[PDB]
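Engineer: Below is the structure I would like to discuss, written out as structure tokens.
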Amino acid sequence: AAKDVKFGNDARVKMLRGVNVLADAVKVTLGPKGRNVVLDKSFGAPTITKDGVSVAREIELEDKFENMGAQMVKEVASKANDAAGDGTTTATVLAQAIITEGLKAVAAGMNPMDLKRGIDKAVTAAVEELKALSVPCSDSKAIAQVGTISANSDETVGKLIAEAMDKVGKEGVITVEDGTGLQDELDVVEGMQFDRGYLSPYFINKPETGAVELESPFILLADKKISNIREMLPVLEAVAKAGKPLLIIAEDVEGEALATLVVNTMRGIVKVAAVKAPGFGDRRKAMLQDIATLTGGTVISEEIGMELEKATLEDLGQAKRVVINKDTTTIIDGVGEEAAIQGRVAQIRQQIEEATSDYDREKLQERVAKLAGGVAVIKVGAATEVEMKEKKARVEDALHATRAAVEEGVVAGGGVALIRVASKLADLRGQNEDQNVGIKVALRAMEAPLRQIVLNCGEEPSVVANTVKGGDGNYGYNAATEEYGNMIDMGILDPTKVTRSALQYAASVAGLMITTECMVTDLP
Amino acid sequence: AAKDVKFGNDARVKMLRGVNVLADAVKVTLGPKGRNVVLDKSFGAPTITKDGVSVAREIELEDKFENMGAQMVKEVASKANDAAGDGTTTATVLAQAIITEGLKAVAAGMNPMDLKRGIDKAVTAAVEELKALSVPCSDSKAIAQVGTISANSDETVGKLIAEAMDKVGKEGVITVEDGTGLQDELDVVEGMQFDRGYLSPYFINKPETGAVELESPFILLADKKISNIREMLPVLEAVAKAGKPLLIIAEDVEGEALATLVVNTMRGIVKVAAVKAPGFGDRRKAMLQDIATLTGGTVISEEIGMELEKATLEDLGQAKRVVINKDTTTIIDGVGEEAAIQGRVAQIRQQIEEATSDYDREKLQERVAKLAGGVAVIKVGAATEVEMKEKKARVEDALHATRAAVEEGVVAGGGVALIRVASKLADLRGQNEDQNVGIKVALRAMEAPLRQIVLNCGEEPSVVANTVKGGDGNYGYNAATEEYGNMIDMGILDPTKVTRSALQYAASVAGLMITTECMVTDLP
Amino acid sequence: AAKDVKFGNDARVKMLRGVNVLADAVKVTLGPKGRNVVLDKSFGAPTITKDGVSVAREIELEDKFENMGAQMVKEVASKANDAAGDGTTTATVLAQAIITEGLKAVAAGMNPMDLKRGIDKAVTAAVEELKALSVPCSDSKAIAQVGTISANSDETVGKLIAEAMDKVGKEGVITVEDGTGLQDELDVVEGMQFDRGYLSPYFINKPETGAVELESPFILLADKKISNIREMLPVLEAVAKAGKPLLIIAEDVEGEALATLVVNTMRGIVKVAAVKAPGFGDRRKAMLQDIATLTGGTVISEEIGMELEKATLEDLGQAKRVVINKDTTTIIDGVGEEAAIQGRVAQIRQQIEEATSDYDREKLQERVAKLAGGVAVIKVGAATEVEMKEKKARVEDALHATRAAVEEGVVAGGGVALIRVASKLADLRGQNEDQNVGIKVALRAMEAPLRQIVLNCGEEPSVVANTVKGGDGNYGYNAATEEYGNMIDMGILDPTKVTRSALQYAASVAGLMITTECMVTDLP
């Protein structure tokens, strides 16, 4: 396993074939006419996929050359999944084309670093070009079109996403889960909801199937397990003379207090619903106070000078209707001031980002969307778990793409905007001839992905691409119909965020990787 | 784990040959003339079995290509076995036909996605046709006939299962168990049953053979053990006043209490029997109130401040008869509310939709059978464990077939319905001629299971297929009669669900496999 | 692991090779001229054997093919040993011949199902005919004859066994084990007895070996720890005033109890025999209850609602005489009525007829014999350890054969019943030609064991069989002396149960030969 070193093109040629390897591993799956690849599973059955990165993630070759090349190209695709997950094939093909043009330039003895300088300043110019070319994406028709593009002519899933997103609002949170039957299940859970079950089964309410409902109850917060005191009776009798149902949130209730608390609810005196703590202590308590403010309750924590039994009856929060089952507790609409809710939203706006990013951001965004609106749940069903996941990954990709389109809009899809801005920026000049040829190299390498896209349909890339370059504006080529026309007719519009981020990150990684000159390796 | 990358036709033929070897190894079991397969077992004697997936689950190939193919294809067979368990050979054969046709089409340059669409539409049409042509099966004669064919022309088993299902009612539970004698014996156990014996052997009552029986007793349920709870002395006096026997359900009883009780019973003071709770804490908590509802009593709860010491006369469950042996207790005509029985049944109906599925179904249907259905025990009597395996396997095949037929309805067996629906659906056309070609080729090749069924009998598949294509209606060939006639005459009926699931799963999996264009392996 | 599949001719050839292995392994042991086999043992001495299962159960060969063939044929031999244990060589040979002929027929293209049904019908008809021709024999002369037939010209052992069985009665059993003296020793003592050594050696009276014999003692059996209590002063003083010797069976003895008891011994006031509890708690308790019933005492312990320090002197039983050895104890006669005998034997008998069988029933006959008869003890002694093992195996085979013959009855032994049933059942007919072919093949193969016997004897097998087929009744051939003659004169008779079980096992192995079509192995 001793280290061995080589220099320049002799090693680079090895890289090429490995690149070549990974390259044709990916580009076979591009386009509507592109096919799938099944990935061996060490534990169970192999899984079908169309995304190049899903294929490549586990891929490494026997020899050190190709193995390290695959790892060093796989990082950008990993980041692409970290952000969006699609367009990975484009990043791979552009990387291959640019590294080939890089070896061509090195054959001229040309400086890689000034090449990178010219190329990435041209990339920034293209960023500005794309920002200028951005158009708003507002109509749900375009949303359905882009989802259908992402979902392989699946009008059902895309349209379903459309009404779900519309009725939950643009800031409403939407989640996709498993289903077994041939039909997806659409659920909306609005207000406040948590997944905790009643400790006592005797809470079976008047509605059949054990369905539990409370109209305008009094919600209360506690931090103690009520065992030693065993006397909530002052509060109980205050609610009894109030004569209205109640919900309690506490550490726990001991069986001794539980007996009368359930026995007394039967008696019909006060209906009381007791639940376990939904989540981890500090943050869960923090969101319970937000719920209390939402429900018109007061900030109540037993870990401060105030007492459970020492309080004012108005401290109990009220919500119009609460629905409780064996596992799920939900509120339809509560009694709270929207000014205070929006103040809490402003308070939590900066916490939306924080610095933890991955763990904190999505959790907090879904939680706050629940705090303001509701969550959408879509049970995507299919015959086999591999089929479910194969559709699923496209579902989350389309979800993220819809988020990008909502936040930023779209640009002319099908790569025509790319080639037009490249043609317009062909006039760009650098410090010297090195930067100029670097810009031209970047242009000619960007030409290749579109040509491969055309080739994916079993049609000639050259003259078709030339015809694409001939027209402008709405004129573009559709692979599904394999014909030219408007973007609106073809619905091929590129979400701005995914294209911008993927293209620029791929450009950066390519510019830094073409700088290879020396090789270290291990022996068998 | 070094990886190797392969393209196109080579992997295609590898997958072809592996699937073909597995399939024609399976084919030796198809039809009445099919035989068994012997599988080497390291621990002891080999396993001899007919159903294909039973063989498949342990199949592992020396070659990585074929190993990947076998493991990727076994999922459909495994889940089909999980669904029904028989006809799996037919599903495998038709799947192989689909693979052959798909690879042949792709060899022509076929579009994989067009094939996917075509096979999907064909499956939709076939499912609708099966729904349309499905006919109900109600008469016990036809039930016995389908059991007989499902038991490999065993009429004795058919009459046995028909008698069992009749006496266990429509919602009874039927199970097959190991038998001691040289022949099968079927027993019917009805009423409230559980497997718990009397605490002491001296509990043997008046009935001989060491049996412990009480006529018109009362039933006590103790939430916890007996330490000082033997203070039911007042209730005892009432029982002493009533001159009635008693039954005890308690966690545990003191040795002094056990000794004092035994003496009381043998002295004739009060004659009482005691048995333990049937199952786990959750199970017993759920089913004790079910027992009470059957016997019209009130469960003594340690969770509520009602106990044995403070109790009512009718808190004892009321039943007409109790019969207890060394480890089993039976209750005859418990005196309880039938409407409460329906309420508990409806609660069970709501609880039907459960992720636990079969593990939940055991007790879920156990309670219903104890209330309304019945218990059937099929003790398989024979010498060799392989023979019990074979007869048992035929037993659950017949059981599943009968259950599915009763709940669902039937179609003609032997694939006559398959060829009929293929002929009727030959008229459907899709979006593209590519899709139409996929559909029509699927129709051409879907008769292959019938071809192999004929072949297993050592008879010309081509002659029979041509003659059947000439014939119409329920006319068809039977191997048991080894001649033609009416398919109904022999009473070979297929549940629609098994055929539908097999066809849809085979089409889905085949469509996903054929789209693969790249291969990856690891070397030894 | 890597699997390799064999089909049809090749798999059948491997089965034939396993058959050849089995045949050469077994043939060496058929008849008087079929000789013993030495069993290699790296641990200890290689062991000489003749029983077919004894030769078989430990034999496994390297080549996987015949290895799994042997593994799958081991089950029939194992089951036969667990059922009868003798005639295993004969049943194995007949089954092997049947299998060989069936494999030949399948090589001719035989139908598995025709074989299945024809062999089932033939087995059923042969069982019926064998039952019809069954002649029970009860004379001790015939019992000695058949025991010697099993013992291969051992007369004294057969006479001893017959006398022992007669003296132990119809329900009394016989125990056989190794001996030191080269002559077998038979010891039978009637009544109640179990082996138990006294904790205090000073229980030795004037007679030797600590044997004490006492008149009408006060027999007490206690399942409770008597060490803790000691005391018993009122009862001890009552017995002392009565003037009779003292008998106690205690769980344990205290140092104080030891002290007062040894003071009693060396002081010479009262002779007291104290013994520890016999064995395993619950079952020892049950058999102690049996002893108390047979002695006319009362079952008294803390498991009974009697009091320790308060008791009545008549509560204990009295015996005609009690004898105690160094490590065993017997009672010559006790207070036991035949009605209580019937009741206890019946409540034991119901447990005897159960599915537990092994590891529980033998103790059941032990206890029952202690209730009614006595234990028969056999000491077989000789020179070399391997030869004692062989003699023990042969003697136990004879023991089981005698038990089966006594409980069931016999037919003509030496295999002549086989030829006679084959002759009389030449008229059997099946459903079709193939069934009749299979039946006739089985009938022809029925001749194999006897012709193999004659071949081993060095005489013309087929002509001797033909000559036997000419006569009828009990006239046939003698292999020990090797000449014709009547069976009755030399009494070659065999219990019918082993014959029927062999036929049933043959039916099962035939039913598992018919499906031999595909086999799977694992090669490195």
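We name chains A, B, ... following the order of the structure tokens; residues begin at 1 in each chain, and ligands are numbered from 1 as shown.
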Over all Cα atoms paired in order, how far apart are chain B and chain A after a least-squares superposition, as an RMSD in Å?

Structural biologist: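 When all C-alpha atoms are superposed, the deviation is 1.3 Å.
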
Engineer: Which neighbours of residue 53 (chain B) fall inside 7 Å, counting only C-alpha atoms, when residues of the same chain fewer than 3 positions from it are skipped, and could you give them as an MDAnalysis selection string?

Structural biologist: chainID B and resid 56:57 77:78 81 88

Engineer: Please, which residues of region 42-155 of chain B, numbered as in this document, come out helix (DSSP H, G or I) from DSSP, as a VMD selection string?

Structural biologist: chain B and resid 52 to 56 64 to 83 88 to 107 112 to 133 140 to 150 155

Engineer: Restricting the calculation to only C-alpha atoms, which member of C:150, C:515, C:49, C:301 is positioned closest to residue 29 (chain C)?

Structural biologist: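 When distances to residue 29 (chain C) are compared using only C-alpha atoms, the smallest one comes from C:49.
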
Engineer: With 7 Å as the limit and counting only C-alpha atoms, what residues in chain B lie close to chain C? Please list them as a VMD selection string.

Structural biologist: chain B and resid 25 28 35 to 40 44 to 46 59 to 62 180 209 to 210 259 to 260 263

Engineer: Find the residues near region 32-34 of chain C: any atom within 12 Å, counting only C-alpha atoms, skip ones fewer than 6 places away on the same chain, and give them as number ranges by chain.

Structural biologist: C: 24-26, 49-52, 89-90, 149-153, 414, 452-459, 478-482
